[PDB]
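Listed below are the residues making up each chain.
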Amino acid sequence: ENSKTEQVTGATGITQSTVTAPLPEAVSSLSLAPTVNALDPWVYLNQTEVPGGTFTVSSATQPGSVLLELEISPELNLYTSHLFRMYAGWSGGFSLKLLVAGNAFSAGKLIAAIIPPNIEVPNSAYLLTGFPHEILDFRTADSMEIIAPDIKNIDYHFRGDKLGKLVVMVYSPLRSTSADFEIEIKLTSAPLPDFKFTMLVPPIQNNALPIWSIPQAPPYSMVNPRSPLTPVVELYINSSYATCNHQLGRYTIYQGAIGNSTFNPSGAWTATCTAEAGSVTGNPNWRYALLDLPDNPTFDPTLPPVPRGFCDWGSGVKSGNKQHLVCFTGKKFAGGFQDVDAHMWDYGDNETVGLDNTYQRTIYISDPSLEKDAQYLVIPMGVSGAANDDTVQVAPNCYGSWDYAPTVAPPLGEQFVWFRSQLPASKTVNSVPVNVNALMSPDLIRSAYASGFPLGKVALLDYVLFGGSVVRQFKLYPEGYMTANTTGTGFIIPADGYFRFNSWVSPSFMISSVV
Amino acid sequence: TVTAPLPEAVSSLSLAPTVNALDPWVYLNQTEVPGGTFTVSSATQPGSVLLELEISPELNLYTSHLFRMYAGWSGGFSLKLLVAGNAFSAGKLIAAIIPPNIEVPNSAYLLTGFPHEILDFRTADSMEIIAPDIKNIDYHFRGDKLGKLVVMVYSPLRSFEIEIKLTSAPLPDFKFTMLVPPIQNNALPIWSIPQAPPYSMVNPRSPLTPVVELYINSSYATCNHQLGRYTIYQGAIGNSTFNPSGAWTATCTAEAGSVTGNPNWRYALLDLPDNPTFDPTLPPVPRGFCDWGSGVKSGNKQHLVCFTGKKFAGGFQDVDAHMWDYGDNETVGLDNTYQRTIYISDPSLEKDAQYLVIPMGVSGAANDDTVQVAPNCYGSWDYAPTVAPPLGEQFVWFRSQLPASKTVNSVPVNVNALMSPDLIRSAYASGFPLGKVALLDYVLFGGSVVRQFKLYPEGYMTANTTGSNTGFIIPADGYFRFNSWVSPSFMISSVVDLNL
Amino acid sequence: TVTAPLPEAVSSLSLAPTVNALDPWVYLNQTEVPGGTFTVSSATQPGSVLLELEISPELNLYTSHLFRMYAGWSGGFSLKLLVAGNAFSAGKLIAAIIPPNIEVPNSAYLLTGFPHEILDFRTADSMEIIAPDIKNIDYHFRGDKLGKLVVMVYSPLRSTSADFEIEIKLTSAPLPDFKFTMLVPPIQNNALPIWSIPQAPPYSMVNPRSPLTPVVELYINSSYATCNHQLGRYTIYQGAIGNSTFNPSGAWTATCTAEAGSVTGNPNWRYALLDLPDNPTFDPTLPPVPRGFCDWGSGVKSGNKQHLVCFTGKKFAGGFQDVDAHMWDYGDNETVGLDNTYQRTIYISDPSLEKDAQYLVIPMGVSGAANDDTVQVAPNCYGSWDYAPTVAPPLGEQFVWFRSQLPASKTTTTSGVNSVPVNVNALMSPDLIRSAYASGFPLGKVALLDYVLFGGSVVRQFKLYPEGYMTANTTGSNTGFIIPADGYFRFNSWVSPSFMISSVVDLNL
Amino acid sequence: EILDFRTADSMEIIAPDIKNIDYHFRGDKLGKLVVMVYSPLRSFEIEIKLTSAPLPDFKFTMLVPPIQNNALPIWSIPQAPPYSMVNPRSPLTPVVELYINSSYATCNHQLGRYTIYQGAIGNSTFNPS
């Protein structure tokens, strides 16, 4: 441990570089390691940016908010993260350099703390003083090297062990004469000289790659999973769409397709129903039918109540007098379906909340001649009456104990970025022109399964237009949604740019490029 | 030797980044083991585990206080078993040390294959077992798998409940590893109870009426209430709430119809703020709304009573007393059932108009026993389960008096709640040790009289009783104090004699 | 940069029956001092005490926690001063050590007669101060008189150019001679250095000034500079005070014996005396009102314009008969000692009151001209009983209120009683202060609380006083600032009373 | 220290002099021995008594004349029979009997009332006659 001081160019203040070990490192003997694998000597000499190792302190940020929270692991450094795929186990700490863009005419302090494994992080700078910690001042801070121990009770780690953390928060609030001033903080890492790997194994792991390579396909090349016959023509933003309740176009890094979503939305769009006894009260044209369940023959409450991939477009509460969904429908015979034409259809019975506006097995079709217990093709294709983008945007409700996709929202100050397609009318039943949005396309998150996301982190994506004269930035969450930072009805982004991986960020990260 | 059937393997602690020494006097003083108290008698079933303790810093008051400011630990304990038997106590106890990842057998014969010590129930000395820290790691963190002490009957009591308790101290090799701030999620080994008398605690089934009595009734073998239900781990578990008053009031929307046999019994549906899409996995009744019993197929002999009036312009018009009940008084899924459908005995109600409902009494042939048995709960929603006290114990109830109102005429009744939120509020701050019950002293007349109750994590109090009585009363101006942590099957030494 | 204004005298601890060593690592890490956080601003006056601390085990996070299991202690602390200073500020603090039995002065002049150090804002950062353990005895027991550290403004904070504030934190470690004396069970009277609060939302808490109506809002209003309420008053020291109760719902219902005669010039406005179950001897030193009974204001001499509203009905064997709405008020409509006074005499606008008959009283509204403003000022204290003191937030701060909407009761009958819709504010709910009795507050210290909205995305900061109120730092002024009641409180830290919350509420949006 | 009620031996606790001062005067705050039930009697009144001796380090400081305000550890009662004692409610009539009555659950008398600390406490007097 030490500190050195440098005078600033103009002599109007100083910068400090400090090296500290808040907690002693306990160098493992590695006596139980079958082999000890040395790293290339240059890997100890290269400080790379840490995944999620970037935060901005505004004068708004409270001394209660955690700015950075990072596990002490091979994932801290680019080359140890790549190298670890080749190894069964690892041992040893990291040098963690906190680079602070401070200034002598500001005021305020950071605290950085080492937190042992199986201990929770407190939302308080007062409580962080109970840990091994350092305090930095914004007037003089420039570089702080934390010698972060690998805190363990085992000779070396395998995967899936619980790890010590670095935590950074504001100790004392940022002050400046200017309202626009920010302290930018960046964390870099290299393995300590005592860092080792333990056993060569083939480089196939569940653990996420340190860099994600994205195909460079434009959004217009990707399927809209809520309207598969129509191409994506814009990325779209609308500040009133504060939540998503869709069951189609729902994917996650962890679980794959969730809700009633599928990776072949074009081959799943078609369904079949068996036509029931009876019709909706007051509307004898509105014959009931039950969607056929190949996946759910015995109608188990834990498996989906609707066929995999079948339409989740909305029509509002108790609104069949006003608007409907539209489909091609035709009766089943040898080899296919007969007399296929456009009919109005909807979910439920236009009255009861358990059925109406609910994603479940019972539908009505507005055709007066449904034969009882006969099968009918159902290909959803449009909407009719007073229907519009906002009615189609709100899906029918999920219900019961099946594994539906949850309702999701962007963090405060952010907005969802949608994959949007134009769905055309068709005329003599008559449809209306409407725009369909999806939260995500399966063709983007396909690539993300092939690389993985680091646990607890989000992809910051550049979206590149005209080769780079415009670049948008979005956060793609592992929970499936993609999101933008906005200031100030609908807003349109061209669909012929391409996604490029920028970096890993925390869910709490504020995107610097603003839409 | 016999005290150390398995040695303590001293750790080098070479992987510990710091090693923290304890105060030397912590090793020299035995404390009671937090939750190391249990009872045994001739009613104890063969092969039953009497006590099962993980070997950890939680075994001693000083090490459990100290461990709150430490990340990890290493080293065993010396334990002493104190047995409160006498000269007639013919039988044997076995205490065994079980390694991590070993299944505990339900057989004393098999417990002799573990490192063990055997004790006679007549022995007036304490037995001094070493409980070593079994590990393959340099020191522990929180959430590691631990070795156990298992206590079991070796020789049954053939020839009075025998209380047994443990004391402990850490072994001289015990160490504490890394300093951290003193905040942890696990239970305090001592619970400090606010000295608040039961009369100062809300009745959650009758918020407007003070608690006047603690109450015992040998015929109330079960509680089925959806109000007054508070578990230490899950919070308020039924249709229950921590502010009963604020939740007592409801609104309903009037329906066109009337009950099949009577044109005055107009239907309404209760408004559900917390369940707007009427999901059958969520509650079918407003949070905290009245669960008073009105009996099976009883609508012509008794009703519930509410203040009710039409919703209007920032208030309510014409609020006065009316009869009401759940369901239709004929169908087994609506009559006497805790669900959204009610009827009000006012013929006036406009279809789709909204009405106040403030439950305020009962009328006709209603008694304490009818109000005691809440309506049945059915569906896929998270209703509180029906609870019974363990055999030879009775529930202790918070009882309030609900006064009559007269011109609809309501009768005077008593309302019992199983628990008040105001006692269990301090228990959520303090926590409960896993698989333990709180023994509470309830202190009366300056300590001249002291009752004893078990407060379960499942959210109720019991007393141990002799005799039988259909309304024993206890003054509500005493105070609870924490005695100790006990096993769920612990038999209380203070008996409430119900026969007076 | 190490200052000992008075020498530390090392005790031999000869007399101690045991000497208990601390963990060697507790002497090596400086923690924040539990309450040792304070702010200085250009508004902060010369000679103001910013920080007062007893020199005791409570000065450090680990020794405060450890002291819960010890009967006694000896030895001082090494304090370090962390000053979030800036390039433009001038001014001086004075840090003084006061011996155990001596009173703290109220001026810089007298404070300079103690052992002290003067601390300029240009050079005070990372200065170290020995806080010595002054005693004439081998070690302390609990409840002994202790030496103090006092920090005061010596020269006021001034700035060249921009008007900054300075937040100062102390950190501490025990000196090497620090020891504990005797193991006792971990239940001892010193406050825990951390308070842990169960995450109950404000809407899940009772409003003690309107029990039947849920809390819907936390509320702020720049004109509500004073609280004189008797209901909703709780302190960590005393529990419920001034006619408040821990079950406000159960206490809401009174009875009154009807009294002979009626208000002068208003023969419909019959007197009654509230019945006093807890004061049947009618002692002047016990409360003149039933415990937990309504303290709503209804103006001064205001009966022609506005009244309180309740359900009433006469007592019988069968409970209460013919229960319905009436107007009522405290005292007379004229006499200053009775009118707008929290006392036993009421009047009810009911001609039918029989002499010596007992009537139910359930307050549930206000009528006529009554508004939020008039309900907010409680009827006056009067006499020698233990009434709750009138309180204000400190200069530059506002109370945070627990607010509930009280709906209007309407009747369609001619001359039938009619309420107006109103919001009711309480200063505190008993459900928040519940966990503070078990933890304790440190002596002369305030709880800084985070209040957490939107999963952590918005964090209000409030100061919870041990005298039973929350305050916020605010800018602008407004008569209706709303904070959602669906967040939860998280303990942030202990602070001195004069600490200024950094997190300012923009009260005009 | 913990003891079983069956133990026929005596239990030999050291009660140390806890102090932060060199020696005590009268009226100092002192440490205590507290005796309490550890395990309740579940299965006859059990009499318990203490004996003691000072520890070898015990010392007495400064000589003063042998007069003190605190109670003698032995009370010597004059061997006077009750018939020689005045009845304070009937001074002229000798006491003839000591008397017990199970129905006299209370005394409310203002005569014949003498507390050891407050003296004659009611309307009572030491010369009834």
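Residues numbered from 1 in each chain as written, not as in the entry; some residues may be left out. Chains lettered and ligands numbered in written order. Part of a larger assembly, values for the part shown. Heavy atoms only, no water.

### Quick look at the interface of chain B and chain C
Rules: Here a residue-residue contact requires only that any non-hydrogen atoms of the pair lie within 4.5 Å. As a working definition, buried area equals the accessible area (1.4 Å probe) given up by two parts on being put together, with both sides summed. Criterion for a salt bridge: a side-chain nitrogen of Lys or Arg within 4 Å of a carboxyl oxygen of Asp or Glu. Polar contacts here mean pairs of N or O atoms no more than 3.5 Å apart (in protein, one a potential hydrogen donor and the other a potential acceptor; neighbouring residues in sequence count only if both atoms are side-chain atoms). Secondary structure elements follow DSSP: runs of H or I no shorter than four residues count as helices, runs of E no shorter than two count as strands, and numbering proceeds from the N terminus. Any residue outside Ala, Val, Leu, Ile, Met, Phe, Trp, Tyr, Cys, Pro, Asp, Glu, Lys and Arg is labelled polar, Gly included; the first ten of those are nonpolar and the last four are charged. Strand pairing requires that DSSP identify at least two bridges connecting the strands.
Counting residues at the interface gives 54 residues for chain B and 52 residues for chain C. Between chain B and chain C lies a buried interface of about 4,600 Å² when both sides are counted; carbon and sulfur atoms form 62% of it. Our enumeration of links across chain B and chain C arrives at one salt bridge. The partner of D431(C) in a salt bridge is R425(B), and the shortest N-O contact between them spans 2.9 Å. For the pair chain B and chain C, the interface holds 23 residue pairs in polar contact. Every element with two or more residues in the side of chain B that touches chain C is listed here: helix 1 (24–28), helix 2 (61–67), helix 4 (244–248), strand 16 (302–312), strand 17 (315–326), strand 21 (405–406) and helix 6 (421–430) of chain B. By residue number, the principal contributor to the side of chain B that touches chain C is helix 6 of chain B, which donates nine residues. Tallied by class, the residues present in the side of chain B that touches chain C amount to 33 nonpolar, 15 polar and six charged. Here strand 21 of chain B runs beside strand 19 (residues 319–330) of chain C; their pairing, made up of two bridges, is parallel. Paired with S405(B) across the strands is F320(C), a residue of strand 19 of chain C.

### A closer look at the state of the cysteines
Residue and element names in this part refer to chain C. Put simply, the rule reads: Note on terminology: disulfide denotes any pair of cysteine sulfur atoms within 2.5 Å.
Across all of its chains, the model carries zero disulfides over all chains by this definition. Here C294 is not cross-linked by a disulfide; its sulfur's nearest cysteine counterpart is in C310, at 9.1 Å. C381 takes part in no disulfide bond, and the closest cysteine sulfur to it belongs to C227, at a distance of 12 Å.

### Overview of helix 6 of chain B
Residues and elements named next belong to chain B. Rules: Three exposure classes are used, based on accessible area relative to the maximum for each residue type with a 1.4 Å probe and protein chains only: buried under 20%, partly exposed in between, and exposed over 50%.
Most of helix 6 sits inside the fold, with eight of its 10 residues counted as buried. Of the positions making up helix 6, those classed as buried are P421, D422, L423, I424, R425, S426, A427 and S430. Once helix 6 finishes, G431 follows within two positions and takes phi at roughly 80 degrees, a positive value.

### So, the interface of chain D and chain B
The interface is formed by nine residues belonging to chain D together with 20 residues belonging to chain B. Both faces considered, chain D and chain B share a buried interface measuring about 1,100 Å² in area, 50% of it formed by carbon and sulfur atoms. Counting across the interface, chain D meets chain B through six residue pairs in polar contact. Split by residue class, the side of chain D that touches chain B holds three nonpolar, three polar and three charged.

### Concerning the packing of aromatic side chains
Note the threshold: Stacked, tilted and edge-to-face pairs are distinguished by plane angle, under 30 degrees for stacked and over 60 for edge-to-face with tilted covering the rest, among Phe, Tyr and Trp rings (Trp via its six-membered ring) whose centres lie within 6.5 Å. Put simply, a charge is over a ring when the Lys NZ or the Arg CZ is close to the ring centre, within 6 Å, and near the line of the ring normal, within 35 degrees.
Overall, the coordinates contain 91 aromatic pairs over all chains when judged by the stated rule. Judged by centre distance (4.5 Å) and plane angle (5 degrees), the ring pair of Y87(A) and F197(A) falls under stacked. On the criterion of sequence distance, the pair formed by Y87(A) in the loop between helix 1 (78–84) and strand 5 (90–91) and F197(A) in strand 12 (residues 196–197) is long-range, its members being 110 residues apart. Just as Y87(A) is buried, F197(A) falls in that class too. Pairing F501(A) with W504(A) gives two aromatic rings, centres 4.7 Å apart and planes at 50 degrees, and the pair type is tilted. For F501(A), a relative accessible area of 15% corresponds to the buried category. Each member of the aromatic cluster is reached from another via a ring pair, and the members are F84(A), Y87(A), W90(A), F94(A), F195(A) and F197(A). Its guanidinium or amino end placed over the ring of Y219(C), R403(C) lies 3.6 Å from that ring's centre, counting from NZ or CZ.

### Let's talk about the arrangement of the chains
Contacts are most numerous between chains B and C, considering all five pairs of chains that are in contact. Nowhere do chain A and chain D come into contact; their C-alpha atoms are at least 32 Å apart.

### Section: the pattern of salt bridges
All names here are of chain C. Throughout the structure, instances matching the rule amount to 43 salt bridges over all chains. In this structure, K169 and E32 form a salt bridge, with 2.8 Å as the shortest nitrogen-oxygen distance. Pair noted here: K169 is in strand 11 (residues 166–174) and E32 is in strand 2 (residues 31–40), with a separation of 137 residues, a long-range link. No difference in accessibility class separates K169 from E32, as the two residues are buried. Its salt-bridge partner being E397, residue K463 comes within 2.7 Å of it at the nearest N-O pair. Taken together, the residues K463 in strand 26 (residues 458–465) and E397 in strand 22 (residues 397–406) connect sequence positions 66 residues apart.

By themselves, these figures tell us nothing about what the structure is for.
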